[PDB]
Amino acid sequence: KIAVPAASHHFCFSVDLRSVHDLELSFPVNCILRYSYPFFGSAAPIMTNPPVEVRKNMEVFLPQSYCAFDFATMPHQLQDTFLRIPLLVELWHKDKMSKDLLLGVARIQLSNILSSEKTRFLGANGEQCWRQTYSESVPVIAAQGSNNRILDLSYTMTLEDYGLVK
């Protein structure tokens, strides 16, 4: 039915929300991380699962922390969107008896990946593909007030360019 412009590339972007650490709240958080980035194709939220308890002075590795997104767009458009639209990763507290609580948000600057080294790889038909990867730890800032670092998020992202869409 519906085509895309021939100059579109097939990209694969993946986010690994690997761990959280340095909880600065005095109480235990039953943590999930949740995000939406409709540029990748859907506003449907992605979240870690199940919840994991986080207390002070520990690194907790998140389950179901990895997601890869295959999408088609123009290189120019990916550049502008990654420069202008931050990836907002929400820290939620979950409990069986209580309603879900939003504690804070990490703002991930996707364009950090664009300055990383581009490395070559080959696609499933020997075509020239490129990969960039970037890793850092970023602050989760409290949801209601401002500038209050409540947790750190260690993540990795990868961007693969499979070249022109087929």
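Residues numbered from 1 in each chain as written, not as in the entry; some residues may be left out. Heavy atoms only, no water.

Under the PDB entry, the protein has the name Centrosomal protein of 120 kDa and belongs to Mus musculus.

Undergrad: What should I look at first to understand helix 1 (residues 75-84) in this one?
TA: Side chains of residues three or four places apart in an α-helix project in the same direction, reflecting 3.6 residues per turn. Those residues of helix 1 not exposed but buried are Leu78, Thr81 and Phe82. When helix 1 is viewed along its axis, its buried side chains cluster within an angular range of 95° and face the same direction. Among the exposed residues of helix 1, those oriented more than 90 degrees off its buried face are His76 and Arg84. Turning to helix 1, the residues buried within the fold contact strand 1 (9-21), strand 6 (66-73) and strand 11 (149-164). (Buried < 20%, exposed > 50% of the residue type's maximum accessible area, 1.4 Å probe, protein only. Helix = DSSP H or I, 4+ residues; strand = E, 2+ residues; numbered from the N terminus. Arc of directions from axis to C-beta. Contact = heavy atoms within 4.5 Å.)

Undergrad: Any chance you could explain the side chain of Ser8 here in plain terms?
TA: Relative to the helices and strands, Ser8 resides in the segment before strand 1. A polar contact of 2.6 Å, which involves the side chain of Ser8, links it to the backbone oxygen of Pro5. When near neighbours in sequence (up to four residues on either side) are disregarded, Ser8 contacts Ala72, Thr73, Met74, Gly163, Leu164 and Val165. (Polar contact = N/O pair within 3.5 Å; in protein donor to acceptor, adjacent residues only side chain to side chain.)

Undergrad: Mind showing me how you'd approach the nonpolar core here?
TA: Side chains of a nonpolar character, in soluble globular proteins, are inclined to be buried together. Core analysis: the biggest nonpolar cluster contains 41 residues, and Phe13, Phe82 and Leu153 have the highest contact counts within it. Counting residues per element, this core draws most heavily on strand 11, at six residues. (Core = buried A, V, L, I, M, F, W, Y, C linked by side-chain atoms within 4.5 Å.)

Undergrad: I tried to follow the state of the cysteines on my own but got confused; where do I start?
TA: Here, the word disulfide means a covalent bond between the sulfur atoms of two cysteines. If you walk through the whole model with that rule in mind, you get zero disulfides. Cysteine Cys67 remains unbridged, with the sulfur of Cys12 as its closest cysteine sulfur at 9.2 Å. There is no disulfide at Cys129, and the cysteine sulfur nearest it, in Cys12, is 11 Å away. (Disulfide = S-S within 2.5 Å.)

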